[PDB]
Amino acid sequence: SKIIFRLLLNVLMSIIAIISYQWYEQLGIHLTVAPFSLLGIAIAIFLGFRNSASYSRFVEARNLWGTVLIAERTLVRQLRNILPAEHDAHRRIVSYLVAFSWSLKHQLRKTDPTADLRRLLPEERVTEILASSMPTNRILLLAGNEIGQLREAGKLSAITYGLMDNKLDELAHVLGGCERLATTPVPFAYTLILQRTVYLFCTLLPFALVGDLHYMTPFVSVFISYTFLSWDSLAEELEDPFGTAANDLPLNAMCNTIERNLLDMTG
């Protein structure tokens, strides 16, 4: 959908290349294919590496969200297995854990967490969380308070308390990894130039292809332009994995899966 526009332009520069062609020698222009085949292969190589980097940002982001689900399930498991009777702490903690993940989606989508927070917590908490530098980080400190007082209440050994504390550390690592990938994107520094280069190549290519491909120029030029531009825009979607493009991650579904898992695990 994004590239259909500029594919048709390339058909036009192709028609312009075909109409302008017989005049090359009157206009003084000689444009052979060998120099463009060298330039095109070097962009291919560079598009290959940039796409590899983008995808691996995607794969990392997906992996970090996988750990929210893994580590919330097993903190709840350890609670049910060591303090089975305290359904009261069960429910408090699960709300923090469910809050943490919706809070994190908003942080990364850069949207308002007030609604989701009120749906799950008391409004005194909702405002303690909204007041923080980082709500997600505030939610974790709160979830740790819940576990801390069970230790001070003697319901946990220092060993079974260390076991659950380690799961909140796993979520701290998820939080940091998501902020690194969010706020430190792939260097934009050249993404502007990284893309300027690929379309400049696609319009000039028919002008250099016609001499060989007299009337087939618009076909082979559009085929070539398709592949180069598809790869470059996938590279740019996948490179903001928390974005809202169609190939980005489905953070809403993932927060829902997370909610259903913990609620099913406590009630």
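Don't overthink the numbering: it's just position in the shown sequence, from 1.
Enquirer: Select between 223 to 231 and 51 to 59 the stretch whose C-alpha atoms have the higher average B-factor in the entry.
Expert: Averaged over C-alpha atoms, the B-factors run higher in 223 to 231.
Enquirer: Taking only the CA atoms, which stretch has the higher mean B-factor in the record, 19 to 27 or 243 to 251?
Expert: Comparing averages over the C-alpha atoms only gives 19 to 27.
Enquirer: Going by the entry, which third of its chain does the Cα temperature factor of residue 185 land in?
Expert: Highest third - that is where residue 185 ends up once the chain's C-alpha B-factors are sorted.
Enquirer: Quick one: classify residue 194 as lowest, middle or highest third of the chain based on its Cα B-factor.
Expert: According to the entry, residue 194 has a C-alpha B-factor in the chain's highest third.
Enquirer: Of the three thirds of its chain by CA temperature factor, lowest, middle or highest, which one includes residue 68?
Expert: CA B-factor rank for residue 68: lowest third.
Enquirer: Residue 129: which third of its chain by C-alpha temperature factor?
Expert: Within its chain, residue 129 is a highest-third residue by C-alpha B-factor, going by the deposited values.
Enquirer: According to the PDB entry, is the CA B factor of residue 204 in the bottom, middle or top third of its chain, that is, lowest, middle or highest?
Expert: Answer is highest: the recorded C-alpha B-factor places it there.
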